[PDB]
Every structure is written in C-alpha cells, then in structure tokens.
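Note sheet for the following structure.
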Amino acid sequence: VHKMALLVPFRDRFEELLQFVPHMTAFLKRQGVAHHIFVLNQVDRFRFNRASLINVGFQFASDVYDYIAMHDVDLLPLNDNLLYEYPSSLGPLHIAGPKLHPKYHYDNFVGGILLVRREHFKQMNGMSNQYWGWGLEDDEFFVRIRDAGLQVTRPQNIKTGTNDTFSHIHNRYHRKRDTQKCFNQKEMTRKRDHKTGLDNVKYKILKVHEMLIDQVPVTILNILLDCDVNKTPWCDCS
Ligand SMILES: O=c1ccn([C@@H]2O[C@H](COP(=O)(O)OP(=O)(O)O)[C@@H](O)[C@H]2O)c(=O)[nH]1
Ligand SMILES: O[C@@H]1[C@@H](O)[C@H](O[C@@H]2CO[C@@H](O)[C@H](O)[C@H]2O)OC[C@H]1O
Ligand SMILES: [Mn+2]
C-alpha cells in the first residue's frame, strides 16, 4: 500500500498544531490513509518561506512515502469525502479546491492542501525558493504543473461548499500575513522561476525531534534556511 508524507510548514503555530495533529490523525485513519506528520519548523530569522520548507521536508522524507501532502496547519477538512488518496497519473490532487476553500476562489488556486506524487514533485524540481513571506509560491507552482505537462484534479461530487467544507481557524489579526514588499520583490516574485527548486534549496536541519501528542507520533524538523541576499534580499525587509 501507499504512504503519505504530510508536510506542514510551520513557525509559531503551536496552538494550531495541537488542534491539527489529533484532527488529521483521526480523519485519515477513517479513510485508511497511511501517513506521518512532518512539522517543518523554520528556525532561521528570515521571513517565512513555506515553499522552501516543503522542498526540505520532501528531501528529508524517506522513499517509503510515495506521495506528499503540502498541508497548512490551520486548515482542517470537515468532509470525509475529501479523499487524501494517491494522486492519479494526471498530476496533483488539490484537496482545497476553489469551490470548497473558505477564502480563495479563483480557478487555478492550488494552495491550502495539495497532494503530489513523489515522482511528479521530482519532475517539477519541487517548488520555487524565491518566495519569502506570504503569497504567490503556490501560483508559481501551478505553472510548474502545466509546464510539466501535468494537470490538477480535485474531488468530484462534494456536496458541501465554501462555508462548510473546511475549518480555517486563522484570524487575520492574531496571525498576520506577511505581505511586506522590499527590494524588487513585486517585480521578481511575479515572474516564473526556472532557476531554483528542490535541487538547490540551501539549508541545514539543525535538529530532528520525535514528538508524541496524545500518543500520535510526529517528526519536527528544525530547518535553518539560508538566504543569498545578492539574489533574494526580500528574505529580510528590516
Ligand atoms: O508565520 C507563519 C506563516 C505561515 N505558516 C504556515 O503556512 C501556512 C500557510 O500560511 P497562511 O495561513 O498565512 O496562508 P493562507 O491562510 O493565506 O492560505 C499556515 O497555515 C501555516 O501552516 C506558519 O507556520 N507560520
Ligand atoms: O499565494 C496565493 C496568492 O498569490 C493569491 O492571490 C490571488 C492571486 O490571483 C489574483 O487574481 C487575486 O488578486 C489574488 O487573490 O491568493 C491565494 C494565495 O494562496
Ligand atoms: Mn491560513
């Protein structure tokens, strides 16, 4: 059978994580999905880089996981018909589709929760590394999906919709989105990145922690991401 690496980019969301772990373990257990949660704890001081943290988690995870779930820690599925299944040959399986997501509704939205076969993630050279702070990293990945001759599939015949498919417990004031721009960030991050990815994300895993949360095993990666300010100075706008 198949195994999912549940990759959870993470910084300063302990409260969310305590809700995430039990909810997801139970949910996935009901649909027979074998999996393991990898908390991608960014311990450098640069702005949050979700995509790069995913690259790291993918490298770390062993070949026994034949697919991954890039999974926001604050987004809980409320509908058991959302199948976190091995994606088809077509490409990524997007769980949090534009018609089910509480907040994002455009056609090619692939954020929130996105499942990708190991082989396809390698094909696409994983995600761009140039996204420091909120926004755009998932859209650039959409393009990587089309450029690889792949496509996005989403669950069919979900009866629930944008108000009752997911719990998105994320108060915009409690957890601020880091929308700042500095240096030439707008211009540069809006353009397709053919130069970086899985194969050159620069980092170190300082420490690996085996945690149990009410018996449920979970792996913490303390990831010190590196920034080349000659290429991506917007990693830090202070
Ligand atoms: O400072 C941060 C920023 C985000 N994240 C993680 O990145 C995900 C995506 O971030 P965000 O909630 O801001 O995305 P959005 O709600 O806009 O889809 C979060 O849910 C967390 O898993 C985090 O751990 N710390
Ligand atoms: O990273 C993603 C953002 O880049 C995205 O922003 C949207 C992009 O398409 C535009 O038509 C919209 O103005 C804008 O909402 O939102 C979702 C996020 O995950
Ligand atoms: Mn959120």
Side-chain angles (χ1 to χ4, degrees), residues 2 4-10 38 40 42 46-61 63 65-72 75 84-101 104-155 177-179 181 184-203 223 225-228 231-232 234-235:
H2 303 292
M4 192 180 76
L6 187 16
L7 309 176
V8 185
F10 178 102
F38 290 92
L40 317 172
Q42 184 177 337
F46 296 114
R47 305 166 69 191
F48 199 69
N49 191 334
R50 159 184 203 274
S52 272
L53 291 172
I54 282 166
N55 285 343
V56 180
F58 179 92
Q59 280 192 1
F60 189 86
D63 299 358
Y65 306 94
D66 54 343
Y67 69 126
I68 69 169
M70 316 171 197
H71 211 296
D72 289 352
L75 195 53
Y84 278 57
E85 61 183 358
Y86 189 64
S88 78
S89 65
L90 293 181
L93 171 44
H94 186 214
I95 294 286
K99 358 241 153 105
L100 313 179
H101 191 290
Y104 302 122
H105 308 128
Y106 59 106
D107 284 15
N108 304 321
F109 171 72
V110 308
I113 305 160
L114 187 54
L115 273 54
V116 185
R117 285 191 183 186
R118 179 171 277 276
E119 293 68 26
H120 294 150
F121 194 80
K122 251 135 202 167
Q123 268 167 67
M124 295 179 274
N125 192 32
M127 301 189 78
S128 175
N129 296 311
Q130 68 172 4
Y131 297 89
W132 296 96
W134 185 91
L136 295 174
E137 87 296 339
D138 45 344
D139 298 322
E140 198 276 347
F141 194 64
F142 180 74
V143 183
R144 289 180 183 228
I145 299 179
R146 296 291 256 262
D147 290 353
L150 303 179
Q151 60 184 259
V152 182
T153 72
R154 291 180 172 91
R177 285 172 185 88
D178 171 11
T179 36
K181 302 285 176 283
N184 203 3
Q185 187 180 351
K186 244 293 191 307
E187 172 173 300
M188 296 295 311
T189 55
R190 290 205 143 276
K191 78 186 58 166
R192 179 70 169 92
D193 178 15
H194 299 282
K195 296 183 180 181
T196 74
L198 181 60
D199 66 354
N200 67 4
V201 56
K202 305 154 232 172
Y203 73 95
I223 300 159
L225 289 178
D226 199 272
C227 178
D228 177 343
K231 305 173 163 172
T232 64
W234 57 89
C235 64

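Just so you know, these numbers use all the heavy atoms, side chains as well, and skip hydrogens, waters and symmetry mates. All residue numbers refer to positions in the sequence shown, counting from 1.
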So, taking the atom named [atom1] in [X] and the one named [atom2] in [Y], what distance separates them when rounded to the nearest 0.5 Å?
{"X": "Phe60", "Y": "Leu7", "atom1": "CZ", "atom2": "CG", "answer": "11.0 Å"}
{"X": "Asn125", "Y": "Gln123", "atom1": "CG", "atom2": "CD", "answer": "11.5 Å"}
{"X": "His101", "Y": "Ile113", "atom1": "NE2", "atom2": "CD1", "answer": "7.5 Å"}
{"X": "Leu198", "Y": "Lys122", "atom1": "CG", "atom2": "NZ", "answer": "8.0 Å"}
{"X": "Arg146", "Y": "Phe141", "atom1": "CZ", "atom2": "CZ", "answer": "13.5 Å"}
{"X": "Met70", "Y": "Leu53", "atom1": "CE", "atom2": "CG", "answer": "12.5 Å"}

### Query
Just checking, is any N or O donor in the side chain of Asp138 or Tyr104 under 3.5 Å from an acceptor N or O on the other one?
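Absent: no donor and acceptor within the cut-off.
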State whether the side chain of [X] and the backbone N or O of [Y] hold a donor-acceptor pair below 3.5 Å, judged by distance alone.
{"X": "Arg117", "Y": "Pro87", "value": "yes"}
{"X": "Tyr84", "Y": "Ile95", "value": "no"}
{"X": "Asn55", "Y": "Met127", "value": "yes"}
{"X": "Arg47", "Y": "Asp178", "value": "yes"}
{"X": "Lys186", "Y": "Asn184", "value": "no"}
{"X": "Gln42", "Y": "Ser52", "value": "no"}
{"X": "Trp134", "Y": "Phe48", "value": "no"}

### Query
So do the side chains of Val110 and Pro92 get within less than 4.5 Å of each other, counting heavy atoms only?
no
### Task
For residues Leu93 and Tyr67, determine if any side-chain heavy atom of one lies less than 4.5 Å from a side-chain heavy atom of the other.
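A side-chain contact under 4.5 Å is absent here.
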### Task
Determine, stepwise, if the pair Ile54 / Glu137 fulfils side-chain contact (heavy atoms from CB on, under 4.5 Å).
CA-CA 11 Å; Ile54 282 166; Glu137 87 296 339; over 6 Å; no
### Query
Hey, is CZ on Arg192 packed in by over 12 heavy atoms from elsewhere, all under 6.0 Å?
yes
Tell me the closest heavy-atom pair linking [X] and [Y], and the distance in Å.
{"X": "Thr196", "Y": "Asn129", "result": "OG1-N, 3.0 Å"}
{"X": "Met4", "Y": "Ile68", "result": "CG-C, 4.2 Å"}
{"X": "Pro9", "Y": "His71", "result": "CD-O, 3.8 Å"}
{"X": "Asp193", "Y": "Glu140", "result": "N-OE2, 2.9 Å"}
{"X": "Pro98", "Y": "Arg154", "result": "CD-NE, 3.2 Å"}
{"X": "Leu75", "Y": "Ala96", "result": "CD2-CB, 4.2 Å"}

### Query
In a check of side-chain contact (heavy atoms from CB on, under 4.5 Å) between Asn49 and each of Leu225, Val56, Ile223, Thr232, which one passes?
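Only one option passes, and that is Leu225.
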### Task
Before giving the answer on side-chain contact (heavy atoms from CB on, under 4.5 Å), spell out for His94 and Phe109 the whole-Å C-alpha distance, their side-chain angles and the decisive distance to 0.1 Å.
CA-CA 9 Å; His94 186 214; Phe109 171 72; 3.7 Å; yes
### NZ/NE/NH1/NH2 to OD/OE distance under 4.0 Å, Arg50 and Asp72
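Yes, this pair counts.
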### Task
Please work out whether the ring planes of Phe58 and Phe121 are parallel, tilted or perpendicular, with thresholds of 30° and 60°.
tilted
### Task
Show your working on side-chain contact (heavy atoms from CB on, under 4.5 Å) between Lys231 and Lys195 and close with a plain yes or no.
CA-CA 11 Å; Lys231 305 173 163 172; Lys195 296 183 180 181; over 6 Å; no
